[PDB]
$ cat start_12.pdb   # PDB, C-alpha atoms
ATOM      1  CA  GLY Z 156     -16.197  15.083  -1.966  1.00  0.00           C
ATOM      2  CA  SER Z 157     -15.545  12.478  -4.651  1.00  0.00           C
ATOM      3  CA  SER Z 158     -15.501   8.682  -4.895  1.00  0.00           C
ATOM      4  CA  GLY Z 159     -15.679   5.846  -7.405  1.00  0.00           C
ATOM      5  CA  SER Z 160     -13.104   3.057  -7.494  1.00  0.00           C
ATOM      6  CA  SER Z 161     -14.025   0.576 -10.227  1.00  0.00           C
ATOM      7  CA  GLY Z 162     -11.935  -1.589 -12.533  1.00  0.00           C
ATOM      8  CA  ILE Z 163      -8.698  -3.560 -12.327  1.00  0.00           C
ATOM      9  CA  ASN Z 164      -5.333  -2.165 -11.232  1.00  0.00           C
ATOM     10  CA  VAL Z 165      -2.226  -2.707 -13.360  1.00  0.00           C
ATOM     11  CA  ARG Z 166       1.430  -2.170 -12.468  1.00  0.00           C
ATOM     12  CA  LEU Z 167       3.593  -0.695 -15.229  1.00  0.00           C
ATOM     13  CA  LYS Z 168       7.129  -2.080 -15.019  1.00  0.00           C
ATOM     14  CA  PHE Z 169       9.943  -0.308 -16.867  1.00  0.00           C
ATOM     15  CA  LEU Z 170      13.322  -1.687 -17.939  1.00  0.00           C
ATOM     16  CA  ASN Z 171      14.704   0.901 -15.517  1.00  0.00           C
ATOM     17  CA  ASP Z 172      13.891  -1.536 -12.712  1.00  0.00           C
ATOM     18  CA  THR Z 173      10.992   0.712 -11.706  1.00  0.00           C
ATOM     19  CA  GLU Z 174       7.199   0.500 -11.518  1.00  0.00           C
ATOM     20  CA  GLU Z 175       4.189   2.788 -11.936  1.00  0.00           C
ATOM     21  CA  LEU Z 176       0.660   2.507 -10.545  1.00  0.00           C
ATOM     22  CA  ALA Z 177      -1.874   2.502 -13.382  1.00  0.00           C
ATOM     23  CA  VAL Z 178      -5.528   1.451 -13.309  1.00  0.00           C
ATOM     24  CA  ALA Z 179      -6.768  -0.277 -16.462  1.00  0.00           C
ATOM     25  CA  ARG Z 180     -10.073  -1.858 -17.481  1.00  0.00           C
ATOM     26  CA  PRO Z 181     -10.782  -5.194 -19.220  1.00  0.00           C
ATOM     27  CA  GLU Z 182     -12.570  -3.180 -21.907  1.00  0.00           C
ATOM     28  CA  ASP Z 183     -10.059  -0.380 -22.475  1.00  0.00           C
ATOM     29  CA  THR Z 184      -7.512  -0.579 -25.293  1.00  0.00           C
ATOM     30  CA  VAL Z 185      -3.713  -0.745 -25.322  1.00  0.00           C
ATOM     31  CA  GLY Z 186      -3.447   2.414 -27.398  1.00  0.00           C
ATOM     32  CA  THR Z 187      -5.542   4.364 -24.903  1.00  0.00           C
ATOM     33  CA  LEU Z 188      -3.620   3.074 -21.884  1.00  0.00           C
ATOM     34  CA  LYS Z 189      -0.319   4.183 -23.414  1.00  0.00           C
ATOM     35  CA  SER Z 190      -1.651   7.669 -24.149  1.00  0.00           C
ATOM     36  CA  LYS Z 191      -3.417   7.702 -20.781  1.00  0.00           C
ATOM     37  CA  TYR Z 192      -0.195   7.294 -18.800  1.00  0.00           C
ATOM     38  CA  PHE Z 193       2.439   7.730 -21.510  1.00  0.00           C
ATOM     39  CA  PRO Z 194       1.136  10.597 -23.684  1.00  0.00           C
ATOM     40  CA  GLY Z 195       2.935  11.133 -26.979  1.00  0.00           C
ATOM     41  CA  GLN Z 196       5.531   8.559 -25.954  1.00  0.00           C
ATOM     42  CA  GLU Z 197       3.201   5.798 -27.146  1.00  0.00           C
ATOM     43  CA  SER Z 198       5.294   4.985 -30.216  1.00  0.00           C
ATOM     44  CA  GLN Z 199       8.138   4.109 -27.847  1.00  0.00           C
ATOM     45  CA  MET Z 200       6.445   2.900 -24.662  1.00  0.00           C
ATOM     46  CA  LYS Z 201       5.856  -0.678 -25.809  1.00  0.00           C
ATOM     47  CA  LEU Z 202       3.952  -3.093 -23.569  1.00  0.00           C
ATOM     48  CA  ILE Z 203       4.639  -6.825 -23.318  1.00  0.00           C
ATOM     49  CA  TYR Z 204       2.266  -9.362 -21.770  1.00  0.00           C
ATOM     50  CA  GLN Z 205       3.444 -12.958 -21.392  1.00  0.00           C
ATOM     51  CA  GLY Z 206       6.222 -12.467 -23.927  1.00  0.00           C
ATOM     52  CA  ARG Z 207       3.604 -11.050 -26.283  1.00  0.00           C
ATOM     53  CA  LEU Z 208       3.757  -7.524 -27.706  1.00  0.00           C
ATOM     54  CA  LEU Z 209       0.655  -5.417 -27.074  1.00  0.00           C
ATOM     55  CA  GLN Z 210       1.566  -3.388 -30.161  1.00  0.00           C
ATOM     56  CA  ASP Z 211      -2.073  -3.613 -31.245  1.00  0.00           C
ATOM     57  CA  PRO Z 212      -3.470  -0.316 -29.896  1.00  0.00           C
ATOM     58  CA  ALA Z 213      -6.928  -1.871 -30.191  1.00  0.00           C
ATOM     59  CA  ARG Z 214      -6.248  -5.212 -28.506  1.00  0.00           C
ATOM     60  CA  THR Z 215      -8.554  -5.080 -25.483  1.00  0.00           C
ATOM     61  CA  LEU Z 216      -7.031  -5.800 -22.073  1.00  0.00           C
ATOM     62  CA  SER Z 217      -9.606  -8.558 -21.590  1.00  0.00           C
ATOM     63  CA  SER Z 218      -8.462 -10.417 -24.705  1.00  0.00           C
ATOM     64  CA  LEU Z 219      -4.822 -10.040 -23.665  1.00  0.00           C
ATOM     65  CA  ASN Z 220      -5.804 -11.769 -20.422  1.00  0.00           C
ATOM     66  CA  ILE Z 221      -4.845  -8.594 -18.560  1.00  0.00           C
ATOM     67  CA  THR Z 222      -6.296  -8.984 -15.067  1.00  0.00           C
ATOM     68  CA  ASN Z 223      -5.946  -6.992 -11.845  1.00  0.00           C
ATOM     69  CA  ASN Z 224      -2.874  -7.080  -9.603  1.00  0.00           C
ATOM     70  CA  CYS Z 225      -0.964  -7.767 -12.820  1.00  0.00           C
ATOM     71  CA  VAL Z 226       2.275  -6.268 -14.136  1.00  0.00           C
ATOM     72  CA  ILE Z 227       3.021  -5.109 -17.680  1.00  0.00           C
ATOM     73  CA  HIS Z 228       6.598  -4.861 -18.947  1.00  0.00           C
ATOM     74  CA  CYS Z 229       7.375  -1.612 -20.767  1.00  0.00           C
ATOM     75  CA  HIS Z 230       9.914  -1.069 -23.547  1.00  0.00           C
ATOM     76  CA  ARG Z 231      11.577   2.139 -24.738  1.00  0.00           C
ATOM     77  CA  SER Z 232      12.764   2.561 -28.328  1.00  0.00           C
ATOM     78  CA  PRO Z 233      15.219   5.112 -29.782  1.00  0.00           C
ATOM     79  CA  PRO Z 234      13.948   8.256 -31.556  1.00  0.00           C
ATOM     80  CA  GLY Z 235      14.015   7.340 -35.234  1.00  0.00           C
ATOM     81  CA  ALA Z 236      12.341  10.564 -36.336  1.00  0.00           C
ATOM     82  CA  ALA Z 237      13.457  14.154 -36.911  1.00  0.00           C
ATOM     83  CA  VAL Z 238      10.054  15.844 -36.732  1.00  0.00           C
ATOM     84  CA  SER Z 239       9.974  19.432 -35.472  1.00  0.00           C
ATOM     85  CA  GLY Z 240       7.144  21.941 -35.221  1.00  0.00           C
ATOM     86  CA  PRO Z 241       5.604  24.574 -32.921  1.00  0.00           C
ATOM     87  CA  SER Z 242       2.291  24.261 -31.080  1.00  0.00           C
ATOM     88  CA  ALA Z 243      -0.570  23.825 -33.548  1.00  0.00           C
ATOM     89  CA  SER Z 244      -4.113  25.074 -32.950  1.00  0.00           C
ATOM     90  CA  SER Z 245      -6.809  23.065 -34.730  1.00  0.00           C
ATOM     91  CA  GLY Z 246     -10.229  21.832 -33.648  1.00  0.00           C
ATOM     92  CA  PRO Z 247     -12.696  24.360 -32.194  1.00  0.00           C
ATOM     93  CA  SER Z 248     -15.053  23.628 -29.301  1.00  0.00           C
ATOM     94  CA  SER Z 249     -18.316  25.424 -28.527  1.00  0.00           C
ATOM     95  CA  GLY Z 250     -20.615  24.090 -25.823  1.00  0.00           C
TER      96      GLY Z 250
END

$ encode --input "start_12.pdb" --output "structure tokens"
Amino acid sequence: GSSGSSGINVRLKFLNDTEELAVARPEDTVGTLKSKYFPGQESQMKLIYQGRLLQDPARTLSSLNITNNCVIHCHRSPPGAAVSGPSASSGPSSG
């Protein structure tokens, strides 16, 4: 069995009139949250808190006044890049 519910819960609201359950901490960073829920699509998935852009991937949730039972507006931007490449393998790991 497992257990351990700690931290504040945040609701991710999208312009698509939808929402997503995401738990964030007052210490975590915006950049991490985006990659945590929106992997890769972090350059597009923009967050807005109180009319303010959380662009800063370092801006802590605590500083942004991001508390629990709160909602964060998400924004999607158009693909302004033409990057293309196969799966790359770099970074070994030996434990």

$ atom_distance --input "start_12.pdb" --atom1 "CA of residue 220 in chain Z" --atom2 "CA of residue 181 in chain Z"
8.3 Å

$ axis_aligned_box --input "start_12.pdb" --around "range 211-225 of chain Z" --padding-each-side "5 Å" --output "AutoDock Vina command-line options"
--center_x -5.3 --center_y -6.0 --center_z -20.4 --size_x 18.6 --size_y 21.5 --size_z 31.6

$ closest_residue --input "start_12.pdb" --among "Z:206, Z:225, Z:218, Z:248" --to "residue 166 in chain Z" --atoms "only C-alpha atoms"
Z:225

$ resolve_selection --input "start_12.pdb" --expression "the PyMOL selection byres ((chain Z and resi 198) around 12)" --output "ChimeraX atom specification"
/Z:185-186,189-190,193-197,199-202,209-212,229-236

$ write_last_selection --input "start_12.pdb" --atoms "C-alpha atoms" --output "compact mmCIF listing (two decimals), keeping the file's coordinate frame"
# COMPACT_ATOMS: atom_id res chain seq x y z
CA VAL Z 185 -3.71 -0.74 -25.32
CA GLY Z 186 -3.45 2.41 -27.40
CA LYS Z 189 -0.32 4.18 -23.41
CA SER Z 190 -1.65 7.67 -24.15
CA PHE Z 193 2.44 7.73 -21.51
CA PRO Z 194 1.14 10.60 -23.68
CA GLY Z 195 2.94 11.13 -26.98
CA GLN Z 196 5.53 8.56 -25.95
CA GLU Z 197 3.20 5.80 -27.15
CA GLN Z 199 8.14 4.11 -27.85
CA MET Z 200 6.44 2.90 -24.66
CA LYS Z 201 5.86 -0.68 -25.81
CA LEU Z 202 3.95 -3.09 -23.57
CA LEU Z 209 0.66 -5.42 -27.07
CA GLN Z 210 1.57 -3.39 -30.16
CA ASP Z 211 -2.07 -3.61 -31.24
CA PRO Z 212 -3.47 -0.32 -29.90
CA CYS Z 229 7.38 -1.61 -20.77
CA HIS Z 230 9.91 -1.07 -23.55
CA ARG Z 231 11.58 2.14 -24.74
CA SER Z 232 12.76 2.56 -28.33
CA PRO Z 233 15.22 5.11 -29.78
CA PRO Z 234 13.95 8.26 -31.56
CA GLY Z 235 14.02 7.34 -35.23
CA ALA Z 236 12.34 10.56 -36.34

$ closest_residue --input "start_12.pdb" --among "Z:243, Z:227, Z:238, Z:203" --to "residue 176 in chain Z" --atoms "all atoms listed in the file"
Z:227

$ closest_residue --input "start_12.pdb" --among "Z:242, Z:226, Z:217, Z:191" --to "residue 162 in chain Z" --atoms "only C-alpha atoms"
Z:217

$ decode --input "start_12.pdb" --residues "range 210-247 of chain Z" --atoms "N, CA and C atoms" --output "compact mmCIF listing (two decimals), in the first residue's frame"
# COMPACT_ATOMS: atom_id res chain seq x y z
N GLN Z 210 5.46 33.33 -16.95
CA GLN Z 210 6.55 33.01 -17.86
C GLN Z 210 7.78 32.51 -17.09
N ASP Z 211 8.21 33.29 -16.11
CA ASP Z 211 9.37 32.93 -15.30
C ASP Z 211 9.26 31.49 -14.81
N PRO Z 212 10.05 30.59 -15.42
CA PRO Z 212 10.06 29.17 -15.06
C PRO Z 212 10.67 28.93 -13.68
N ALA Z 213 11.17 29.99 -13.06
CA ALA Z 213 11.78 29.89 -11.74
C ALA Z 213 10.86 30.47 -10.67
N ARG Z 214 10.04 31.44 -11.06
CA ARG Z 214 9.12 32.08 -10.13
C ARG Z 214 8.38 31.04 -9.29
N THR Z 215 8.73 30.98 -8.01
CA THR Z 215 8.10 30.03 -7.10
C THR Z 215 6.61 30.30 -6.96
N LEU Z 216 5.84 29.24 -6.73
CA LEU Z 216 4.40 29.35 -6.59
C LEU Z 216 4.04 30.21 -5.37
N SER Z 217 4.89 30.15 -4.35
CA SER Z 217 4.66 30.92 -3.13
C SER Z 217 4.72 32.42 -3.41
N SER Z 218 5.72 32.83 -4.19
CA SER Z 218 5.90 34.23 -4.53
C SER Z 218 4.75 34.73 -5.40
N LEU Z 219 4.26 33.86 -6.28
CA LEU Z 219 3.16 34.21 -7.17
C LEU Z 219 1.83 34.21 -6.42
N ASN Z 220 1.89 33.95 -5.12
CA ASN Z 220 0.69 33.92 -4.29
C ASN Z 220 -0.21 32.76 -4.68
N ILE Z 221 0.38 31.72 -5.25
CA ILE Z 221 -0.37 30.54 -5.67
C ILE Z 221 -0.69 29.65 -4.47
N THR Z 222 -1.94 29.70 -4.02
CA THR Z 222 -2.38 28.89 -2.89
C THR Z 222 -3.20 27.70 -3.35
N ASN Z 223 -3.69 26.92 -2.39
CA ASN Z 223 -4.49 25.74 -2.70
C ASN Z 223 -5.88 26.14 -3.19
N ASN Z 224 -6.63 25.16 -3.68
CA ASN Z 224 -7.98 25.41 -4.19
C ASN Z 224 -7.99 26.61 -5.13
N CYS Z 225 -6.87 26.83 -5.81
CA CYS Z 225 -6.75 27.94 -6.75
C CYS Z 225 -6.75 27.45 -8.19
N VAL Z 226 -7.07 28.34 -9.12
CA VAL Z 226 -7.11 27.99 -10.54
C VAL Z 226 -6.11 28.82 -11.33
N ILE Z 227 -5.43 28.17 -12.27
CA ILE Z 227 -4.44 28.85 -13.10
C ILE Z 227 -4.83 28.78 -14.58
N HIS Z 228 -5.02 29.95 -15.19
CA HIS Z 228 -5.39 30.02 -16.60
C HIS Z 228 -4.22 29.61 -17.49
N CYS Z 229 -4.50 28.76 -18.47
CA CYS Z 229 -3.47 28.28 -19.39
C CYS Z 229 -3.65 28.90 -20.77
N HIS Z 230 -2.54 29.11 -21.47
CA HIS Z 230 -2.58 29.70 -22.80
C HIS Z 230 -1.78 28.85 -23.79
N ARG Z 231 -2.32 28.68 -24.99
CA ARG Z 231 -1.65 27.89 -26.02
C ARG Z 231 -1.23 28.77 -27.19
N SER Z 232 0.05 28.70 -27.54
CA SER Z 232 0.59 29.49 -28.64
C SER Z 232 0.86 28.62 -29.86
N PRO Z 233 0.84 29.24 -31.05
CA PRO Z 233 1.08 28.54 -32.32
C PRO Z 233 2.54 28.10 -32.46
N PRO Z 234 2.75 26.98 -33.17
CA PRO Z 234 4.09 26.43 -33.40
C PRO Z 234 4.91 27.30 -34.35
N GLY Z 235 5.80 28.11 -33.77
CA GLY Z 235 6.64 28.98 -34.58
C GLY Z 235 8.02 28.39 -34.81
N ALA Z 236 8.09 27.07 -34.88
CA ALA Z 236 9.36 26.39 -35.10
C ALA Z 236 9.20 25.22 -36.07
N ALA Z 237 10.25 24.94 -36.83
CA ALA Z 237 10.23 23.85 -37.79
C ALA Z 237 11.29 22.80 -37.47
N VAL Z 238 11.50 22.56 -36.18
CA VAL Z 238 12.49 21.58 -35.73
C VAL Z 238 12.01 20.16 -35.99
N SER Z 239 12.93 19.30 -36.42
CA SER Z 239 12.60 17.91 -36.70
C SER Z 239 13.81 17.01 -36.49
N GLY Z 240 13.63 15.96 -35.70
CA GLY Z 240 14.72 15.04 -35.43
C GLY Z 240 14.25 13.79 -34.70
N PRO Z 241 14.90 12.65 -35.00
CA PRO Z 241 14.56 11.36 -34.39
C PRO Z 241 14.95 11.31 -32.91
N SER Z 242 14.59 10.21 -32.25
CA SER Z 242 14.90 10.04 -30.84
C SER Z 242 16.40 10.02 -30.61
N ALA Z 243 16.87 10.88 -29.70
CA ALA Z 243 18.29 10.96 -29.38
C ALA Z 243 18.60 10.24 -28.08
N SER Z 244 19.75 9.58 -28.04
CA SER Z 244 20.17 8.84 -26.85
C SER Z 244 21.46 9.43 -26.27
N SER Z 245 21.33 10.20 -25.20
CA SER Z 245 22.48 10.82 -24.56
C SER Z 245 22.27 10.93 -23.05
N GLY Z 246 23.29 10.55 -22.29
CA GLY Z 246 23.20 10.61 -20.84
C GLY Z 246 23.04 9.24 -20.21
N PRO Z 247 24.17 8.57 -19.97
CA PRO Z 247 24.18 7.23 -19.36
C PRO Z 247 23.77 7.26 -17.89
